[PDB]
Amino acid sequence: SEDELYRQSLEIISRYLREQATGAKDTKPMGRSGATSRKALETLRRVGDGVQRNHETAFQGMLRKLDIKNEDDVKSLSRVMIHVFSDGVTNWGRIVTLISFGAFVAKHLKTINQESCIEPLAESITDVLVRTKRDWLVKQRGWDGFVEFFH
């Protein structure tokens, strides 16, 4: 507790992954910094859906290489994301791609009756993002900078 960037990041990524997987939109209000979290999630529905639709073939190719089947295969994805995501350049384009790929995997997890793995997947993405890019996210004004960037 007393890490608002982490709390706000978890809220936005977890809601996106669950909405993408199930189709149900959460009507429950956002916590502290509501305006920003709603806009961020609206941005993700536009830009995130756009990445998955536009690059379906590349996403399907990667999903098949990673061969996700169960909780163990999801736990394994964290190491891949550190290597693929964290060890590349940092920009909102790559951040949206990571979260979009999470949504792509979450839809995959729903289709194989592995919904229980969607929350850990969301936790793992948020940890990779916030733990490895903390100072960059702060410099870029966090989720307010994300919304302004993709306006």
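Under this definition, the rigid core comprises the largest set of C-alpha atoms superposing within 1.5 Å between the forms. The numbering used is simple: start at 1 and walk along the sequence shown.
*Asks:* So which moves more in 8 other deposited structures of this protein by CA, 83 to 91 or 46 to 54, given a superposition on the core?
*Replies:* The answer is 83 to 91, which departs more from the shown form in 8 other deposited structures of this protein.
*Asks:* Which of the two stretches, 59 to 67 or 95 to 103, moves more in 8 other deposited structures of this protein when the core is held fixed, judged by C-alpha RMS distance?
*Replies:* Of the two stretches, the larger average C-alpha offset in 8 other deposited structures of this protein falls on 59 to 67.
*Asks:* Name the higher of the two by mean Cα B-factor in the PDB entry, 31 to 39 versus 57 to 65.
*Replies:* Here the higher of the two C-alpha B-factor means belongs to 31 to 39.
*Asks:* Out of 106 to 114 and 93 to 101, which one has CA B-factors that are higher on average in the deposited record?
*Replies:* Comparing averages over the C-alpha atoms only gives 106 to 114.
*Asks:* If I read the C-alpha B-factors straight from the PDB entry, which of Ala24, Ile13, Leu137, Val128 is highest?
*Replies:* Answer, based on the entry's C-alpha B-factors: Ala24.
*Asks:* Which third of the chain holds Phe146 when residues are ordered by C-alpha B factor: lowest, middle or highest?
*Replies:* Middle third.
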